[PDB]
Amino acid sequence: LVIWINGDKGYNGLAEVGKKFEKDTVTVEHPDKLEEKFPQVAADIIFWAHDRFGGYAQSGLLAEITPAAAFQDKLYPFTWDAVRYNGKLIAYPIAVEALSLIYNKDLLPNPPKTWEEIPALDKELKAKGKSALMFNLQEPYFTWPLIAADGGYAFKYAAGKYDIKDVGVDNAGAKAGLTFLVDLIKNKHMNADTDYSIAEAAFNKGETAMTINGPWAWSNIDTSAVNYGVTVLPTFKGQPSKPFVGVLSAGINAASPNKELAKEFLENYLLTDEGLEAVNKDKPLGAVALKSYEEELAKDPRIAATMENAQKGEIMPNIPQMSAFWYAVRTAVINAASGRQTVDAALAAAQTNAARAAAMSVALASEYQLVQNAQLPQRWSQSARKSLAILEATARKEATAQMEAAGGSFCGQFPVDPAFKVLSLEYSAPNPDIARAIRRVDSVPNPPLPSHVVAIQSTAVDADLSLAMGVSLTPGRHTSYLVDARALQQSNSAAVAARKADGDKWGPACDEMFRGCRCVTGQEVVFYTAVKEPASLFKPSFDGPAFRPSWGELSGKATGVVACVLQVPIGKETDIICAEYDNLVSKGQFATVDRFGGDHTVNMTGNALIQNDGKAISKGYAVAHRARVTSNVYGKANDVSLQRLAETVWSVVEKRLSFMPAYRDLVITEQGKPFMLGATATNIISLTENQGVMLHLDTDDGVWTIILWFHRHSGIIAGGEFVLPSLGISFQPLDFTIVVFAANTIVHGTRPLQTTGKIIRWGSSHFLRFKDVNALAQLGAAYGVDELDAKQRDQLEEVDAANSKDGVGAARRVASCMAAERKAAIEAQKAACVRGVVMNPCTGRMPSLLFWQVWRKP
DNA sequence: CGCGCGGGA
DNA sequence: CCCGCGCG
Ligand SMILES: O=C1O[C@H]([C@@H](O)CO)C(O)=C1O
Ligand SMILES: [Fe+2]
């Protein structure tokens, strides 16, 4: 029973209830952004507003609650309606919150019962130098109660489901309400500038007679000198104003052992007057869903008003398409306050757009399911498998005779012997080409493979997986592995634990996992994970088409490619890649940053969009933007350089991994292609110089990431191993080692290194950072793709002029103003569902893996 | 090159 | 708050 709750609630009082529970037969925590973390991380009770829980129910991450009908009598009926998705109770209600009318008793002993009285009161109070009303007009959450009083709704509700095609923005009731709000602004009774902080400051300072706020504000008003009351929201045209109602709710996740135990704790250890009172003592709960305790609290007039307005209002829809509703209505109110549209114009356009975006979002969810379940172009067959197995077994004989003749196995000039683990190694730089791995210096006996990872012995199995997964490693000279998926997830967590435990660095616990990693230096390998058919981390569709594997242990499982290590023979391609890194470094095109605190120093290039730079309106880091304008030879030179670097590396990988192009084609949108680096799935490229990196999962990158290494100057490197602790392996990069791995789902790092001589190990990742490609596809939509270079040229000149006239603080004013315009442009395209990549709508990230292949052997 | 300013949130 | 940016 580990219960999550938001940090700003009463956790210590809940801990009291849980102590009183643990006795008769637990740990409450406050993780940052719980509402984003819980959606990704479920694969435990959770305390959060019901509106997210509807999305968790479409996501199946919440246990159906089965409360007794006598228990359901203990709480209010509308609270249970807030937690029932598709006719199934998704959680237990706790608290009820909604906006109320807050008023200063010394200016206003009798607050107005109707909105229509307010204009008359403002006249009088303006004569005294004060005002009738000040509330946040910037967010529709606050303005909607007035708008919807006379009719008008978000999405129509019937049969326990919201019709996303039936929006109520344009209804006559909504038109009258928005009209009354704008009339108040025109007569200077309110000013369309008024935000949360302004209105809060003006009320708590006695400068206005009323504001509109929820219970969170009560705590702040209590510190002021204001004698205030809290009452029902004014009626509009004799109608109750309808504030949205949020029910703080406790839910149980479908990935939980303790389900009937947790159900017992919630029913008769917290949802009691004793338990809710202990929490209310810690932090104020507001109104309560339990009828017994709500009658106690409502003795407080402020609490009675909160439940009053909550019952007079509408329960906030728990569907994700409410985001569309919110963006369209936010724009309608803003425009109709600033006279940028008529009330009737702004509500008509918001009705249209909100319904449009709700439609596209449901369409996008179904398109995403096809992405996740997509299959590689079928090249597997039993005949193909057999003929490929003959070719592989033959290449194994050819490779064995080549090893007898040469006296050992070799990667470039480096002696490969998997009996030894290479702890330090020497590189020679005989000439101006890349430094070459020549000698193993320090070693230990090579630790065995961990029990969850198996080397595939059969050439037939090697062929099965090669054809079905789109992997063709160097024939006769590779090792394929199979990793159980449950144990892979266990070990990923064990590795993150060790890193945390060490102080977010390489320390003893990370070193302990490393000591049991097996060396695959010099080797070319692929690790396939296998998912047993349920009868969590990864999401294979077991309804997909099934192949008959030759090995029975695959039957009833799905396979996917989590990691592959390549050894690139030095030649034309390594010359091209290394030359581009040298060109970009020499030309000052890398943006030096610190990563993971001060874990390491990385250099970045590629098609970033650093929104933090306000003048940034085109692809590239800020040096790139400048180079296109200031060059006196060719403005696109660095872009040609970046495209060739990404395409040469991509091509090298593609030859061995035929699924990579398939993945690129599957996840990059038409709108995203111009902002990828050439015809690859790479938009950002890193570069490290002799850096270790701590063990981590990359969360906001693509499905598969590429890392490559190369060397300059002679010397000796100790440490610097690349480690994949959940696959139970590590390796020293040699002449030109590349790893392609699923970084969303595979913990990885790089041990610290110590060097002798001038030797430099250059590490570089080629990855897909989806935020930059999405924002750039959005900028392209709003302004035109080919117009961004011209806009970026104008913004650089405008800022440089400002600096050279009025000082740097003028220049900063200009940059911040450009950021707001860029931001608004992006937000509009974002609201129209413009994306550069396809993303999981549930997780807000790219899928965990792709191209799952189901195997069955009847 | 250390450090303030800065954006999205 | 983080695989930026530009100023002293
Ligand atoms: O461990 C790592 O090494 C590379 C680094 O050399 C380039 O950034 C990187 O991406 C890490 O995840
Ligand atoms: Fe990484």
Side-chain angles (χ1 to χ4, degrees), chain A residues 7 31 35 138-139 195-197 323 326-327 330 504 584 588-627 630 642 677 682-689 691-694 696-702 705-707 743-744 748-750 762-770 772-776 778-779 792 795-796 799-800 802-804 807-831 844:
Chain A
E35 77 288 34
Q138 302 312 316
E139 298 293 339
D195 79 319
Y196 193 96
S197 294
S323 82
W326 290 124
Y327 178 89
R330 179 178 222 277
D504 279 15
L584 288 167
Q589 299 304 125
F590 278 94
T592 298
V593 311
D594 271 47
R595 183 159 191 234
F596 300 145
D599 182 57
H600 67 285
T601 302
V602 229
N603 287 345
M604 310 298 300
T605 184
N607 290 350
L609 173 76
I610 305 306
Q611 262 144 299
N612 194 13
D613 183 8
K615 60 187 186 304
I617 194 62
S618 67
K619 80 196 177 183
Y621 286 84
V623 262
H625 301 165
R626 268 173 277 119
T630 67
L642 287 165
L677 288 170
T682 311
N683 71 333
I684 313 291
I685 286 168
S686 62
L687 182 68
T688 66
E689 190 184 343
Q691 300 285 301
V693 183
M694 77 188 200
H696 70 276
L697 272 69
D698 287 304
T699 61
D700 292 311
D701 294 327
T705 288
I706 293 155
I707 301 177
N744 280 4
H748 61 287
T750 302
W762 290 105
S764 174
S765 180
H766 286 219
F767 61 107
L768 200 198
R769 203 166 61 191
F770 58 87
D772 311 61
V773 57
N774 287 325
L776 291 165
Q778 290 156 351
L779 282 179
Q792 186 73 63
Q795 296 187 342
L796 297 196
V799 178
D800 283 327
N803 190 83
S804 192
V808 3
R812 299 192 185 114
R813 140 167 42 76
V814 184
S816 320
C817 209
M818 287 153 177
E821 255 317 313
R822 180 199 61 207
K823 188 187 181 149
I826 294 160
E827 286 203 55
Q829 299 305 319
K830 184 167 155 32

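Lettering of chains follows the sequences in order, A, B, ..., and the numbering in each one begins at 1. Only heavy atoms go into these numbers, but all of them, side chains included; no hydrogens, no water, no symmetry mates.
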Watson-Crick or G-U wobble mate for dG2(B), both contacts under 3.5 Å:
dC7(C)
Looking at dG7(B), which nucleotide sits across from it as a Watson-Crick or G-U wobble partner, both distances under 3.5 angstrom, or is there none?
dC2(C)
Using whole Å, what does the distance between atom [atom2] of nucleotide [N] and atom [atom1] of [X] come to?
| X | N | atom1 | atom2 | answer |
| --- | --- | --- | --- | --- |
| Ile706(A) | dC3(C) | CD1 | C1' | 17 Å |
| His600(A) | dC2(C) | NE2 | P | 13 Å |
| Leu687(A) | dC3(C) | CG | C1' | 12 Å |
| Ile610(A) | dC5(B) | CD1 | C1' | 16 Å |
| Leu609(A) | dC5(C) | CG | P | 10 Å |
| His625(A) | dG4(C) | NE2 | P | 12 Å |
| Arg813(A) | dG7(B) | CZ | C1' | 18 Å |
| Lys619(A) | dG4(C) | NZ | P | 18 Å |

How do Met604(A) and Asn803(A) order along DNA chain C: which one's closest nucleotide is nearer the 5' end?
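That would be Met604(A).
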With sugar-phosphate meaning primed atoms plus P, OP1 and OP2, does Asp599(A) contact a base, only sugar-phosphate, or nothing at under 4.0 Å between heavy atoms?
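No contact at all - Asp599(A) keeps every heavy atom at 4.0 Å or more from the nucleic acid.
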Report yes if at least one side-chain N or O of [X] is closer than 4.0 Å to OP1 or OP2 of [N]; otherwise report no.
| X | N | result |
| --- | --- | --- |
| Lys615(A) | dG6(C) | yes |
| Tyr621(A) | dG4(C) | yes |
| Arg769(A) | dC2(C) | no |

Decide side-chain contact (heavy atoms from CB on, under 4.5 Å) for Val773(A) and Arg769(A); before the verdict, give the C-alpha distance in whole Å, the side-chain angles of both, and the deciding distance to 0.1 Å.
CA-CA 7 Å; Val773(A) 57; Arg769(A) 203 166 61 191; over 6 Å; no
Can you confirm whether [X] sits close enough to [Y] that some side-chain heavy atom of one is under 4.5 Å from a side-chain heavy atom of the other?
| X | Y | value |
| --- | --- | --- |
| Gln589(A) | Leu642(A) | no |
| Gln611(A) | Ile826(A) | yes |
| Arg330(A) | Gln138(A) | yes |

Sugar of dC3(B), sorted north or south by the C1'-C2'-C3'-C4' dihedral sign:
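South pucker for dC3(B).
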Among [options], which nucleotide sits nearest the side chain of [X]?
| X | options | value |
| --- | --- | --- |
| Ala622(A) | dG6(C), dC3(C), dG7(B) | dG6(C) |
| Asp701(A) | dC3(C), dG7(B), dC5(C) | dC3(C) |
| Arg626(A) | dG8(B), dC5(B), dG6(C) | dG6(C) |
| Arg822(A) | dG7(B), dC5(C), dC7(C) | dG7(B) |
| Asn612(A) | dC5(C), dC7(C), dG6(B) | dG6(B) |
| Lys823(A) | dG8(B), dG6(C), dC3(C) | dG8(B) |

To the nearest 0.5 Å, what is the distance between OG on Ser765(A) and CD1 on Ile707(A)?
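The CD1 atom of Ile707(A) is 4.5 Å from OG of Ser765(A), to the nearest 0.5 Å.
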To the nearest 0.5 Å, how far apart are CD1 in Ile684(A) and CG in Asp772(A)?
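If I round to the nearest 0.5 Å, the distance is 4.5 Å.
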Locate the shortest heavy-atom distance separating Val602(A) from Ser686(A); write the atom from each residue and the value.
CG1-CB, 3.7 Å
When you compare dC3(C) with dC5(B), how far apart are their P atoms, in angstrom units rounded to a whole number?
22 Å
Among residues 590-597 of chain A, which contact DNA chain C at a heavy-atom distance under 4.0 Å?
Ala591(A), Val593(A), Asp594(A), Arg595(A), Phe596(A)
Report yes or no: does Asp599(A) contribute a side-chain atom to a donor-acceptor pair with the main-chain N or O of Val693(A) at less than 3.5 Å?
no
